[PDB]
Amino acid sequence: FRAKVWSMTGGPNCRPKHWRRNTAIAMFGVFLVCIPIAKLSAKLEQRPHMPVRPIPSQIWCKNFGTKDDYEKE
Amino acid sequence: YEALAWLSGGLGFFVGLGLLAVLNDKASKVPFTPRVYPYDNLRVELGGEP
Amino acid sequence: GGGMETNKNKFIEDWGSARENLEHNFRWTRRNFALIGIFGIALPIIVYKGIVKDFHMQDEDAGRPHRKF
Amino acid sequence: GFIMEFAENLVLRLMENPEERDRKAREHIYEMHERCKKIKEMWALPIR
Amino acid sequence: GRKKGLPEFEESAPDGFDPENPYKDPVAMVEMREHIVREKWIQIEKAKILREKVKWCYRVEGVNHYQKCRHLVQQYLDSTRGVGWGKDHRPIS
Amino acid sequence: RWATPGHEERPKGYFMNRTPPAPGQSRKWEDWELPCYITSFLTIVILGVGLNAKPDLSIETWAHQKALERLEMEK
Amino acid sequence: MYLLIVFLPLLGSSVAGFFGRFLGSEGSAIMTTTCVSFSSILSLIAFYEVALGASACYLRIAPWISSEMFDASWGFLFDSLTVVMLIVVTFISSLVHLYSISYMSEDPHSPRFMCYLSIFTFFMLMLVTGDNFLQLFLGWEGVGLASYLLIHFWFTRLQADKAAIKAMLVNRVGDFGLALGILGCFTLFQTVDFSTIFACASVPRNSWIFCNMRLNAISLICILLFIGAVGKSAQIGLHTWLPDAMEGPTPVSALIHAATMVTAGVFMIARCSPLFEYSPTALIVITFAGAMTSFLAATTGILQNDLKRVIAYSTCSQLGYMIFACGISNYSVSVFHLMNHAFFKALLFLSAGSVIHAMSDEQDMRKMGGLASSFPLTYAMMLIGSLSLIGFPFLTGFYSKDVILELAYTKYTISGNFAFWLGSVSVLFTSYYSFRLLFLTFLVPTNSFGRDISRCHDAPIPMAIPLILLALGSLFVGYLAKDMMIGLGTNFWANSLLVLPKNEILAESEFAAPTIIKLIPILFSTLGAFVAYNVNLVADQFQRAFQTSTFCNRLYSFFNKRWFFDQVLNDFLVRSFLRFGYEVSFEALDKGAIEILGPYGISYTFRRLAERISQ
Amino acid sequence: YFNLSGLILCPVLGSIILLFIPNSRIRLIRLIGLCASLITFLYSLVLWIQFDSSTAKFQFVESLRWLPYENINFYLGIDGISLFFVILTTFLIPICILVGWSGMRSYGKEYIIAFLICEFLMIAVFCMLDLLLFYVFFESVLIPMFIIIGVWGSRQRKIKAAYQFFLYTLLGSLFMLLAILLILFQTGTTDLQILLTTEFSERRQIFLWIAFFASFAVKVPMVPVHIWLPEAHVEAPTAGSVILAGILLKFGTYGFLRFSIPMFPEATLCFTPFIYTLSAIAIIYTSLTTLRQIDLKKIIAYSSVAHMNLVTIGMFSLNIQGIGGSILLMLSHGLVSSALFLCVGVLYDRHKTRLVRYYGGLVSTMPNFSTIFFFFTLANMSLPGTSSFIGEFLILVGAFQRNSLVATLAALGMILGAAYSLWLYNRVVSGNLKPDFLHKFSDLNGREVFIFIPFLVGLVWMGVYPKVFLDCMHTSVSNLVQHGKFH
Ligand SMILES: CCCCCCCCCCCCCCCCCC(=O)O[C@@H](COC(=O)CCCCCCCCCCCCCCC)COP(=O)(O)OCC[N+](C)(C)C
Ligand SMILES: CCCCCCCCCCCCCCCCCCCC(=O)O[C@H](COC(=O)CCCCCCCCCCCCCC)COP(=O)(O)OCCN
């Protein structure tokens, strides 16, 4: 009787024929919506400290070494 | 109801052994002296007044 | 086997619509008096006294005299 | 156009004058409180 | 029907309210009541801004925050004595 | 078993238990659906471009600007 | 980039759960695990750019509760302390995800499992990265919710349902203290954030007005926070849940029972370091409770004859050890033992699951005998894990247990000596039942059945790579991390962990060692090895079965039933509550007593008064 | 110029049109009723756009004379508090129409008449500044609820259920009416703006506060008087029973905010421990009573009783955050309890058992209903991330800041909330499946699936970002807390 119930999260052994095709779309779907999360975060991540060594996050970020004083917040 | 009788003994060993650590007084058995810092035990860097 | 409703077992119907009406049982008995006098007049009074005592102790720490309430 | 031009203007014309609202409330309070004493004196009249 | 800017109601004081007889001018008592909250929110907000001052101070100085923020810690602790309606020590406004 | 095709022609179960009709025709929307759907869309648009159009006037931003220009007067 | 560390597991879980019919039982398995591995790589990058490139990262998304001077925000605290636990949670979560795909290939409801696992990963990432008490509280409650969901993975299983319900109630009663703690610390500081209270957390010195009598303020807050951590660390107060928690699937248990939710209660203390050090009273009771729980679990695990049950008590013993480490202001060994534990007990959990599901799903000591030569891989793995567990000299576990016991000995406080004694006597118990596990299985004549041995299948390759990675870790990580983070004033923690000048005993924990106490737990370990080998391999004719008259069967029952806690607590608290919720509140308060004003109370009153008025 | 008059007129027009529609035209009756309800909902939403959350005084007011000397008159208006209640009242009713949509043929047009009548009736309650007419519309809701409970009750025992719900309300109503008469005879008018600015006598303050508490302690279920809600609430139709806990339960609790706290500043302070000692023991006693229950409807009603007793603590704890948290908790409860009664009523409309013994293993089937039920149970389970937790955290904060003892007892409520709701969830939709009783059963179709969508979106929206709700009413709460005193 398992075929009658929808089981929105997938049936017990739900094995679609083109599951690879859907997985490719799903993985592509995550990546395309992950960019706005990364892009919107670039205006964030305030770290006033300057690391002793250069990190690889200087290209997309500028909120480091600028918020030095705390008298004009 | 017999379990509560064993319950009292089980926790009694813990507190009983806890009291035994008071009967030896290891606080006075330190082989060294209390730690001391410069500048009034680092008064400026721990609060107080500059 | 075409009835969507439950079978409504006889032994369950009484269990269901018996606890719904307990006024007949809980009218006058010895244990009821003790239970009511220990959990409807006793506990509310104790917690009310605790609350007013807490308010009084809060007032004393600030120094202001306690209100009569 | 764009949604700001079509929304900000409508909202700010729908707000309807906050200061005049407070003024109207003030004179309403004063006027009805004055009428209250008149009503009390109306009730103070004896039957005879 | 408003200007696009932030509103400004009144700042100086309500003249009608007299403390000796609080219920003497009902028209002006509500003005005093709203002025009290509109002036207490200023203190609440400046407490918030000094809180962010302290928070960024602790977030910048490092391990030496027990000797380079005491001038702001004392400006926070005394600002919580009479801020808002939060503790039974109501401010004497 | 990572290369074999799945043994399922269609995901099991019916969405909202509504049996799809014969191919070619639409779903035959029900009487309540259209007004409820258009009202949902109107609610979404009003709460979207109305809430993010109301000027931020409150007791928080006014107090913020006032205390920003009043804490600076320490002298 | 830093948002991708947290939101990607949530996104993967949401898309897998919503579209678990679009993706097969393997599509979600290869998708959610890939997303979690990407998050793990991001966490490793953050560790490289923060732990070594010492510059903590701070952010704020949006105001959550923007009430008056109660600023709640969605910001995170990517601090040096936090990123170590980012590594710990992400690496183990990805390895568990790889572990489960082999195990769950037979279990039907596969995609829901990785959905739940990714929900847990997102919740605990939110917890550890959090910087506000209330915003940490959502992670605190979400960890419990995911624990309930995962133990309730088997809705048909009746035992799992009761275990999940009882776990939820006991965890709620536990974090009751922490929940009170958020607003306890708020009434003194008028704020909830971390950076604004760790700046000035020592200034308040007043008292309060509690329910009964006036007590201290900071000490009460720390006591409440510790009581909250009790629920999520199976301390002496409420540890009824963890021993009965292994009623669900195995791969989750390697992540919820011995790896990460273990770290919640200890990380409560670790995060709020400059709050407990200013409450010396709370530290002492914390030490008492930690030592008591550690000893209780260590002596609990020895009698039980199940794979998962005994190792849960080992986990609770490590919980007690870590709670004591956090109780003596020596939080360094606490986090070091946390990092070690997340390796050498997760590894053992994977090994136990591998030997359980490959042997017709049997987890027993009395019935299953020896099959070590049948498969050497996962036994070598579990042997390495056990050697770490006992802390054999110059291994990963030694560098934590040795230093924590030495720190216990050094502090001369009334709690330091007592708890050091308890830890020293618990080392014997732990080295006893660990080798009991090593001996009753794989080193005895096979006592199993003749059908299961024929149906033998070793650990599949995809589930063996996580074991390989964990074995590679918990053999070099101890040596690599001994110097860099417990090295007498290492400059990478910065403000993450603060230790007061007064209670700083580290240098004299190494340069004042008598050398007759530092190397003694190895002596208890070898004595436990000797006695376990003698009892369980050769001298078992009388040392095993004791058919005496009295006081010996009851000794067996006392430790098998774990001090009758499940009996006395149940009957005297929850049975009484359920009895008096029907025979008190529903009898003499509302239904029956004051119901003399509703039906049959006044209705019949007016059937006499109104009747005798027409005549 | 979307004023308050149209918001009340529109349901009246909807009811009037429905009166003269033949019973045969069942197609038109439901359509026009739903359209009227949705137009009312949109007209309420547009008010939030033009709310102007800046002024301490009242928003759009409509004055209509009621006595020859304009002594007392219909004086409309919202300030910062009744706005959200008006919005939620206008939002719940279309859900009531939608849930009772399939079986409208038996119900007839009289089903929508009562619902729309009560609709504009509760609309006229929240935005009613005049004190006496607030009582006229406060007890006007007796007739629609009486009719809904009686005519379309589920079982035959509905006769006794309605009598309690009626008479318990009338007793307190007339006790309040006496206080209203005393106030009017003393002051002279009943307009709210003036009556808040009158110096009262301390001896008179206590008596009038008690007189108001006579009824306001019945609307919110208190320890002495809470029997009516379960008996008269399990025995009501799902579309009708969903507003007894939806809007009919928020009158007295909200009535405290508008007509008790700023009205009697010196009496609430003197009676604060009494409310604490009532509500703190209520949250314990009712919660314990909830555990030993078998009916599916009664457990949700008891949880609602506990939630109201919790919000009462945070309301009388005068704090700028306590009252705001009280309003947030009341809105969140109005959402979650409504959702829970729809969730437990959709089961009844298919099987008609209302017993947890029969229900079991409903995850192996109808999984969508199981997911929705789990989400709403978590919302009732008081988890952070949902709108409730924002609701009671502020209550606890406000209570602890004033009294330490009351906060612990209140938080015992959210500790004990995990004992009955989770047990119900695991005992109804996660047990062992039994084919002996539930022989066959379907899942949620497109109607009840769309019914929960606004509930879910509002729940998440007010749980993760409650800023707008708090933003819109910080001025009004500040004005309410600071009253009578000047320090
Ligand atoms: C603290 C609250 C946070 C917000 C709450 C959401 C958090 C997740 C809560 C839901 C988790 C899943 C629990 C669903 C019910 C579990 C039992 C059940 O009914 O299972 C259903 C439902 O299955 C699911 O688990 C669906 C999960 C959907 C939830 C995905 C969303 C979770 C992430 C959202 C969190 C909010 C993100 C932040 C938003 C700003 C079907 O499962 P099957 O595998 O098909 O087995 C049924 C047997 N038979 C096939 C025969 C019918
Ligand atoms: C299954 C399909 C369901 C479709 C629903 C959408 C699909 C996604 C569902 C996921 C849940 C999303 C829920 C919305 C979360 C929004 C969280 C942030 C909202 C917020 O606080 O910002 C506000 C945005 O306004 C806005 O525009 C908010 C619009 C939200 C519309 C939601 C309509 C729900 C109506 C329910 C009514 C219930 C009434 C109960 C009382 C304004 O914030 P601001 O003031 O800072 O402005 C800024 C000026 N600088």
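Deposited coordinates in this entry are attributed by the record to cryo-EM, at a stated resolution of 3.53 Å.

### As for empty space enclosed by the protein
Vacant regions in the atomic arrangement are exposed by a probe of water-molecule size rolled over the atoms. Of the pockets and cavities examined, the largest cavity occupies roughly 270 Å³. Considering the residues around the largest cavity, the lining is formed by 20 residues, among which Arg-33 of chain E together with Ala-56, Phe-58, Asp-79 and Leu-196 of chain H are closest to the centre. Within the residue set of the lining of the largest cavity, elements represented by two or more residues are α1 (26-58) of chain E together with α9 (192-195), α13 (250-259) and α23 (474-481) of chain H. Along the lines of polarity and charge, the residues of the lining of the largest cavity split into ten nonpolar, six polar and four charged.

### Some details on unusual backbone geometry
Positive phi outside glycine occurs at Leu-42 of chain B, with the angle close to 60°. By relative accessible area, which is 24% here, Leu-42 of chain B ends up partly exposed. If you check the backbone angles, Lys-352 of chain H has positive phi at about 60° while not being a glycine. The topology assignment puts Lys-352 of chain H in the loop between α17 (320-351) and α18 (367-380).

### Some thoughts on the site of ligand 2
With respect to spatial proximity, the complete set of residues near ligand 2 consists of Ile-44, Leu-47, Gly-48, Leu-51 and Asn-52 of chain F together with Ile-453, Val-457, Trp-461, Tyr-465, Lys-467 and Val-468 of chain H. Residues close to ligand 2 are split across chains F and H. In the model, an oxygen atom of ligand 2 is placed 3.2 Å from a nitrogen or oxygen of the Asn-52 of chain F side chain. Between ligand 2 and the protein, one listed contact pairs an oxygen atom with a side-chain N or O atom of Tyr-465 of chain H at 2.8 Å. In the complex, 59% of the free accessible area of ligand 2, which totals 1200 Å², lies under the protein chains. Here the residues of the shell around ligand 2 are counted per class, giving eight nonpolar, two polar and one charged.

### Quick look at a positive patch on the surface
Taken together, the side chains of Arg-64 of chain C, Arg-81, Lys-87 and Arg-90 of chain E together with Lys-485 of chain H present a region of like positive charge at the surface. Within the secondary structure layout, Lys-87 of chain E lies in the segment after α2 (70-77).

### A look at the packing of aromatic side chains
Here the structure, examined in full by the defined rule, presents 87 aromatic pairs over all chains. A centroid spacing of 4.9 Å and a plane angle of 85° characterise the contact between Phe-256 of chain H and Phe-316 of chain H, whose relative ring orientation is edge-to-face. Taken together, the residues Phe-256 of chain H in helix α13 and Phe-316 of chain H in helix α16 (residues 296-316) connect sequence positions 60 residues apart. As far as burial versus exposure is concerned, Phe-256 of chain H and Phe-316 of chain H are alike and both buried. Taking NZ or CZ as reference, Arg-112 of chain G lies 5.0 Å from the ring centre of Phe-153 of chain G, over its face. We note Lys-232 of chain G situated over the ring of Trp-140 of chain G; from NZ or CZ to the ring centre the distance is 4.1 Å.

### Considerations on helix α5 (residues 133-151) of chain G
Helix length check: α5 of chain G, at 19 residues, gives a terminal C-alpha distance of 27 Å against a target of 27 Å (1.5 Å per residue), a fit within 8%. The buried count for α5 of chain G comes to 19 of 19 residues, which makes it a mostly enclosed element.

### Re the nonpolar core
The biggest cluster of nonpolar side chains holds 457 residues, and the ones touching the most others in it are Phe-133 and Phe-276 of chain G together with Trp-48, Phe-369, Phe-376 and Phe-455 of chain H. By residue number, the principal contributor to this core is α17 of chain H, which donates 17 residues.

### Considering the pattern of salt bridges
In this structure the tally under the stated criterion is 30 salt bridges over all chains. Between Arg-172 of chain G and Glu-141 of chain G there is a salt bridge whose closest N-O contact spans 3.3 Å. Of this pair, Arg-172 of chain G sits in helix α6 (residues 158-189) while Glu-141 of chain G sits in helix α5, and the two are 31 residues apart along the sequence. Close ionic contact of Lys-166 of chain G with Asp-244 of chain G constitutes a salt bridge, the shortest N to O distance being 3.6 Å. With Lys-166 of chain G in helix α6 and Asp-244 of chain G in the loop between α7 (218-231) and α8 (250-256), this residue pair connects regions lying 78 residues apart in the sequence. Via salt bridges that share partners, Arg-21 of chain D, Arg-2 of chain E together with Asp-52 of chain H belong to a single interconnected network.

### Observations concerning the arrangement of the chains
Looking at the 18 pairs of chains with contacts, the pair that accumulates the most is chains G and H. In this assembly chain A lies apart from chain C, the nearest approach of their C-alpha atoms being 16 Å. There is a gap between chain C and chain D: no contact, and a shortest C-alpha distance of 33 Å.

### Brief notes about the interface of chain G and chain H
Across the boundary between the two partners, chain G contributes 50 residues, which contact 56 residues of chain H. Of the roughly 4700 Å² buried between chain G and chain H on both sides combined, carbon and sulfur atoms contribute 74%. In terms of surface lost to chain H, no three residues of chain G exceed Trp-64, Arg-172 and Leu-183 of chain G, which account for 14% of the buried area on that side. Applying the counting criterion to the chain G and chain H interface returns zero salt bridges. There are 13 residue pairs in polar contact connecting chain G and chain H. Listing elements by their share of the side of chain G that touches chain H, those giving two or more residues are β2 (63-65), α5, α6, α22 (565-583) and α23 (585-589) of chain G. With 15 residues, α6 of chain G is the largest single contributor of residues to the side of chain G that touches chain H. Here the side of chain G that touches chain H is composed, by residue class, of 34 nonpolar, eight polar and eight charged.

Reading the values: the criteria
- Residues numbered from 1 in each chain as written, not as in the entry; some residues may be left out.
- Chains lettered and ligands numbered in written order.
- Part of a larger assembly, values for the part shown.
- Heavy atoms only, no water.
- 1 Å grid on protein atoms, 1.4 Å probe; cavity = no way out; pocket = protein on both sides within 12 Å on 5 of 7 lines; lining within 4 Å.
- Points joined across faces, edges and corners; volume = space filled by probe spheres on them.
- Helix = DSSP H or I, 4+ residues; strand = E, 2+ residues; numbered from the N terminus.
- Nonpolar A, V, L, I, M, F, W, Y, C, P; charged D, E, K, R; others polar.
- Buried < 20%, exposed > 50% of the residue type's maximum accessible area, 1.4 Å probe, protein only.
- Near = heavy atom within 4 Å.
- Polar contact = N/O pair within 3.5 Å; in protein donor to acceptor, adjacent residues only side chain to side chain.
- Areas by Shrake-Rupley, 256 points an atom, 1.4 Å probe, with all protein chains shown as cover.
- Patch = residues over 30% accessible without salt bridge, like charges linked within 9 Å, V, L, I, M, F, W, Y side chains within 5 Å.
- Salt bridge = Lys/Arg side-chain N within 4 Å of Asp/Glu carboxyl O.
- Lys, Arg positive; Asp, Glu negative; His and termini not counted.
- Charge placed at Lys NZ, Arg CZ, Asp CG, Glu CD.
- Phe/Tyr/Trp six-rings, centres within 6.5 Å; stacked < 30°, edge-to-face > 60°.
- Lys NZ or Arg CZ within 6 Å of the ring centre and 35° of its normal.
- Expected span 1.5 Å × (residues − 1).
- Core = buried A, V, L, I, M, F, W, Y, C linked by side-chain atoms within 4.5 Å.
- Contact = heavy atoms within 4.5 Å.
- Buried area = accessible area lost by both parts, 1.4 Å probe.

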